[PDB]
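Single chain ahead, written as structure tokens, the form deposited without the partner chain.
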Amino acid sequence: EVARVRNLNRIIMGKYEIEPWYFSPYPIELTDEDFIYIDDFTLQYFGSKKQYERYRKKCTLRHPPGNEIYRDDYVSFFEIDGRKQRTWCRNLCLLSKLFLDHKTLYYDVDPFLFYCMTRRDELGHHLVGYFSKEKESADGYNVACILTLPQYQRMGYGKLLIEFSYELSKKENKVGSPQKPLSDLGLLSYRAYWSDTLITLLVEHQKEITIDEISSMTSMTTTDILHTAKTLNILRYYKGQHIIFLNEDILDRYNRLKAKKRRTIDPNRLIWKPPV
């Protein structure tokens, strides 16, 4: 007799079989099998294909459980109150933990809002990623955690999540920055976003822009703006204040950016008011 006690080595989510990057504390028994089923709508986990199918045939909505506060021809965003959808958000946090070195206790979702992004096509809604945000952040962080599901990574979705998070801050008349410390993947994504943002502003808005105009237009913090401007070598002093300025490098980067034909968030489609 060899009794095998296996780790969760693959999660089955729709047609995808995904390998976890890190341990996540799913409250399930460890056995000789190394898989679980994750319903791609409810995010519920099942040790058994039969149990999973039994619940799959139930009538459920085929998108995340919150208000659709943004909808364009490409994506929707749903705003979910952790306290109002405890089970679903707990399920989302267990799933997210498989791809994070650390995450706050998955069970305690009440303090968070979750902004969940779906792709819509002939088959309906497909959750591709989300960011959470503290209802009340002492440090003014505008994102707590952010995640694109591995099967959808490196398709541009992460950047859309980040862009959306700043559209909320702008509507709030606040600057914001993601919670630190940031994973390496998170930080590199933010740096690319910050860089594309300044580059786009310089070409489409104004050849020279003060740090405070940038902040007003983007909701980026002074610190993130300065760090990014220094990396791009575009920090100067002009008419008595610090600015960023356009040069041939920036223009070239912009053209390479446009050439990629990437989707962006349309602020006019965000139908949302801060809690006030």
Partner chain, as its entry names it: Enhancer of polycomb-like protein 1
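Numbering follows the first chain given and starts at 1. Rigid core (definition): largest C-alpha set, two forms, superposition within 1.5 Å.
Omitted here: the form solved in complex with the partner chain. The next part is about that form.
Every member of the trio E17, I28 and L61 reaches the partner chain in the deposited bound form with some non-hydrogen atom inside 4.5 Å. Contact check for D40: a non-hydrogen atom falls within 4.5 Å of the partner chain in the deposited bound form. A residue is said to contact a partner when one of its heavy atoms sits within 4.5 Å of a partner heavy atom; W194 fails this definition for the partner chain in the deposited bound form, lying far away. When the partner chain is considered in the deposited bound form, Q85 lines it closely, a heavy atom lying within 4.5 Å.
In the deposited bound form, the partner chain lies within 4.5 Å of some heavy atom of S48. The chain is drawn here without the partner chain; in the deposited bound form, the stretch among 159-167, 136-144, 69-77, 202-210 whose residues come within 4.5 Å of it by any heavy atom is 69-77. Following superposition on the rigid core between this form and the one not shown, the residue from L30, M217, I69, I211 with a C-alpha displacement of 2 angstroms or more is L30, and no other. When two forms of a protein are overlaid on their rigid core, residues whose CA moves 2 Å or more are considered shifted, and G124 is one of them between this form and the one not shown.
Relative to the superposed core, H242 undergoes a C-alpha shift of no less than 2 Å between this form and the one not shown. Expansion of the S48-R6 CA spacing by 3 Å or more is recorded in the deposited bound form, set against this form. Cα of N7 to Cα of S96: at least 3 Å shorter in the deposited bound form than in the shown structure.
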